[PDB]
file coords15.cif (mmCIF, C-alpha atoms)
data_my_file
#
loop_
_atom_site.group_PDB
_atom_site.id
_atom_site.type_symbol
_atom_site.label_atom_id
_atom_site.label_comp_id
_atom_site.auth_asym_id
_atom_site.auth_seq_id
_atom_site.Cartn_x
_atom_site.Cartn_y
_atom_site.Cartn_z
ATOM 1 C CA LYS A 1037 65.710 -15.216 -16.012
ATOM 2 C CA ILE A 1038 65.704 -16.197 -19.695
ATOM 3 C CA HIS A 1039 65.860 -13.186 -21.996
ATOM 4 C CA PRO A 1040 62.609 -12.650 -23.924
ATOM 5 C CA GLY A 1041 62.601 -12.008 -27.651
ATOM 6 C CA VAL A 1042 62.740 -8.235 -27.154
ATOM 7 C CA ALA A 1043 64.805 -5.679 -25.260
ATOM 8 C CA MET A 1044 63.348 -2.698 -23.483
ATOM 9 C CA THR A 1045 63.787 0.948 -22.579
ATOM 10 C CA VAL A 1046 62.553 2.837 -19.522
ATOM 11 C CA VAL A 1047 61.482 6.483 -19.272
ATOM 12 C CA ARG A 1048 61.380 8.325 -15.917
ATOM 13 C CA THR A 1049 60.601 11.880 -14.750
ATOM 14 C CA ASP A 1050 62.137 13.624 -11.734
ATOM 15 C CA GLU A 1051 61.469 16.746 -9.662
ATOM 16 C CA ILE A 1052 64.225 18.838 -8.070
ATOM 17 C CA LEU A 1053 63.735 21.496 -5.382
ATOM 18 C CA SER A 1054 65.487 24.726 -6.366
ATOM 19 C CA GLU A 1055 66.095 27.964 -4.499
ATOM 20 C CA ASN A 1056 66.114 30.457 -7.353
ATOM 21 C CA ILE A 1057 67.567 33.854 -8.240
ATOM 22 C CA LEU A 1058 65.453 36.492 -10.000
ATOM 23 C CA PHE A 1059 67.027 39.511 -11.687
ATOM 24 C CA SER A 1060 65.074 42.445 -13.101
ATOM 25 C CA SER A 1061 66.376 45.693 -14.571
ATOM 26 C CA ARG A 1062 65.250 49.069 -13.265
ATOM 27 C CA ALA A 1063 61.869 50.523 -14.308
ATOM 28 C CA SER A 1064 60.622 47.699 -16.504
ATOM 29 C CA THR A 1065 56.909 47.730 -15.569
ATOM 30 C CA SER A 1066 54.513 50.633 -15.051
ATOM 31 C CA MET A 1067 51.787 49.855 -12.509
ATOM 32 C CA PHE A 1068 48.427 51.565 -12.016
ATOM 33 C CA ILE A 1069 47.082 51.427 -8.443
ATOM 34 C CA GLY A 1070 43.466 52.106 -7.522
ATOM 35 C CA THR A 1071 41.465 53.037 -4.446
ATOM 36 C CA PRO A 1072 40.667 49.905 -2.399
ATOM 37 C CA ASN A 1073 37.061 49.038 -1.592
ATOM 38 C CA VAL A 1074 35.547 47.459 1.513
ATOM 39 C CA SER A 1075 32.141 45.818 1.220
ATOM 40 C CA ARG A 1076 29.834 43.880 3.511
ATOM 41 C CA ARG A 1077 27.699 40.867 2.631
ATOM 42 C CA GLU A 1078 25.694 37.829 3.675
ATOM 43 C CA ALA A 1079 25.159 38.442 7.369
ATOM 44 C CA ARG A 1080 24.799 35.277 9.362
ATOM 45 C CA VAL A 1081 22.595 35.331 12.433
ATOM 46 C CA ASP A 1082 25.794 35.604 14.508
ATOM 47 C CA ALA A 1083 28.296 36.887 11.921
ATOM 48 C CA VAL A 1084 28.788 39.289 9.011
ATOM 49 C CA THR A 1085 31.221 38.759 6.138
ATOM 50 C CA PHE A 1086 33.316 41.635 4.763
ATOM 51 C CA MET I 1 -1.873 80.552 -13.314
ATOM 52 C CA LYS I 2 0.084 79.622 -10.190
ATOM 53 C CA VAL I 3 -2.986 77.661 -8.889
ATOM 54 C CA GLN I 4 -0.781 74.935 -7.303
ATOM 55 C CA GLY I 5 -3.406 72.343 -6.481
ATOM 56 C CA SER I 6 -0.737 69.741 -5.958
ATOM 57 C CA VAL I 7 1.152 70.166 -2.695
ATOM 58 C CA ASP I 8 4.227 68.525 -4.248
ATOM 59 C CA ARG I 9 6.557 71.477 -4.856
ATOM 60 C CA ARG I 10 8.673 72.572 -1.841
ATOM 61 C CA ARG I 11 6.883 70.176 0.504
ATOM 62 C CA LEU I 12 7.865 66.777 -0.866
ATOM 63 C CA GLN I 13 11.612 67.552 -0.684
ATOM 64 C CA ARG I 14 11.328 67.199 3.099
ATOM 65 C CA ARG I 15 9.617 63.824 2.816
ATOM 66 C CA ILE I 16 11.949 62.453 0.114
ATOM 67 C CA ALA I 17 14.915 63.488 2.300
ATOM 68 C CA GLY I 18 13.614 61.042 4.892
ATOM 69 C CA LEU I 19 12.337 58.323 2.557
ATOM 70 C CA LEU I 20 15.390 58.363 0.246
ATOM 71 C CA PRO I 21 18.712 57.090 1.708
ATOM 72 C CA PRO I 22 19.800 53.495 1.112
ATOM 73 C CA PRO I 23 21.855 51.426 3.570
ATOM 74 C CA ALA I 24 25.533 51.911 2.861
ATOM 75 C CA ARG I 25 27.839 49.488 1.042
ATOM 76 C CA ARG I 26 31.220 49.551 -0.764
ATOM 77 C CA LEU I 27 32.798 52.268 1.377
ATOM 78 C CA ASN I 28 36.465 52.901 0.608
ATOM 79 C CA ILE I 29 39.413 52.778 3.015
ATOM 80 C CA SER I 30 42.502 54.981 2.912
ATOM 81 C CA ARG I 31 45.618 53.842 4.779
ATOM 82 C CA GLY I 32 46.173 57.358 6.122
ATOM 83 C CA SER I 33 42.792 57.585 7.833
ATOM 84 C CA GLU I 34 42.446 53.789 8.433
ATOM 85 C CA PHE I 35 39.741 54.271 11.108
ATOM 86 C CA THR I 36 36.927 56.848 10.970
ATOM 87 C CA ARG I 37 33.373 57.334 12.206
ATOM 88 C CA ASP I 38 32.196 56.902 8.601
ATOM 89 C CA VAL I 39 33.544 53.356 8.849
ATOM 90 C CA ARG I 40 31.689 53.008 12.172
ATOM 91 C CA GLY I 41 28.443 53.764 10.349
ATOM 92 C CA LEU I 42 28.832 50.412 8.585
ATOM 93 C CA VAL I 43 30.647 48.648 11.413
ATOM 94 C CA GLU I 44 27.860 49.031 13.997
ATOM 95 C CA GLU I 45 25.223 46.299 14.013
ATOM 96 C CA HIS I 46 22.996 48.713 15.934
ATOM 97 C CA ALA I 47 21.547 46.593 18.718
ATOM 98 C CA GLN I 48 18.096 46.312 20.302
ATOM 99 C CA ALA I 49 18.178 46.149 24.117
ATOM 100 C CA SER I 50 16.615 47.879 27.095
ATOM 101 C CA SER I 51 17.965 50.170 29.808
ATOM 102 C CA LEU I 52 14.456 50.349 31.404
ATOM 103 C CA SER I 53 14.541 54.197 31.404
ATOM 104 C CA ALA I 54 12.540 56.414 29.064
ATOM 105 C CA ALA I 55 15.228 58.673 27.570
ATOM 106 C CA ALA I 56 17.631 55.756 27.153
ATOM 107 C CA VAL I 57 14.917 53.873 25.243
ATOM 108 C CA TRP I 58 14.421 56.969 23.055
ATOM 109 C CA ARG I 59 18.162 56.878 22.403
ATOM 110 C CA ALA I 60 18.375 53.149 21.670
ATOM 111 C CA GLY I 61 15.371 53.272 19.358
ATOM 112 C CA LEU I 62 13.287 50.317 20.577
ATOM 113 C CA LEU I 63 10.238 52.559 20.044
ATOM 114 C CA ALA I 64 10.769 52.096 16.264
ATOM 115 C CA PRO I 65 8.055 52.156 13.582
ATOM 116 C CA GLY I 66 9.409 49.116 11.744
ATOM 117 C CA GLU I 67 9.831 45.559 12.945
ATOM 118 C CA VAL I 68 13.561 45.950 13.534
ATOM 119 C CA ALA I 69 14.589 48.600 16.059
ATOM 120 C CA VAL I 70 15.942 51.795 14.497
ATOM 121 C CA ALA I 71 17.598 54.476 16.606
ATOM 122 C CA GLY I 72 17.825 58.093 15.505
ATOM 123 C CA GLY I 73 14.206 59.209 15.869
#
call {"tool": "encode", "arguments": {"input": "coords15.cif", "output": "structure tokens"}}
result
Amino acid sequence: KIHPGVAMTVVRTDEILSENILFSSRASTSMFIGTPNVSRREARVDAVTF
Amino acid sequence: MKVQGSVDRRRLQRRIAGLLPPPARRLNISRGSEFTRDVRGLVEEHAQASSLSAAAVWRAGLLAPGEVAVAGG
């Protein structure tokens, strides 16, 4: 426990779980919505993917 | 002048109507309808199996020209 010739500093990082509050004023974003599509592909011998 | 040696005009419409249509893909869904027979066109896998009776076989389409059974005459 003899002190060496130098001293030293330590750097750490930490993570904190936070339940957050979001506020947004009225009518801030205009959204364009399209017709949804449904497609079929790559039929297995016992299954089909959509 | 209207010699018409080709039989193409007004006959081949009837044959292209049969030989034309592609298998369906990318059909759209509306939440209001949400379930239609047009969906069931794509949903059905359109099976090949026997009821051992003549008219039922005509319905099911086992007597198909292609390799895979196609109903509909």
call {"tool": "interface_residues", "arguments": {"input": "coords15.cif", "of": "chain A", "to": "chain I", "cutoff": "12 Å", "atoms": "only C-alpha atoms", "output": "VMD selection string"}}
result
chain A and resid 1070 to 1077 1079 to 1086
call {"tool": "atom_distance", "arguments": {"input": "coords15.cif", "atom1": "CA of residue 11 (chain I)", "atom2": "CA of residue 61 (chain I)"}}
result
26.7 Å
call {"tool": "atom_distance", "arguments": {"input": "coords15.cif", "atom1": "CA of residue 66 (chain I)", "atom2": "CA of residue 6 (chain I)"}}
result
29.0 Å
call {"tool": "atom_distance", "arguments": {"input": "coords15.cif", "atom1": "CA of residue 59 (chain I)", "atom2": "CA of residue 71 (chain I)"}}
result
6.3 Å
call {"tool": "resolve_selection", "arguments": {"input": "coords15.cif", "expression": "the PyMOL selection byres ((chain I and resi 70) around 10)", "output": "number ranges by chain"}}
result
I: 46-48, 59-69, 71-73
call {"tool": "axis_aligned_box", "arguments": {"input": "coords15.cif", "around": "region 1047-1060 of chain A", "padding_each_side": "3 Å", "output": "JSON"}}
result
{"center_x": 64.1, "center_y": 24.5, "center_z": -11.9, "size_x": 13.0, "size_y": 42.0, "size_z": 20.8}
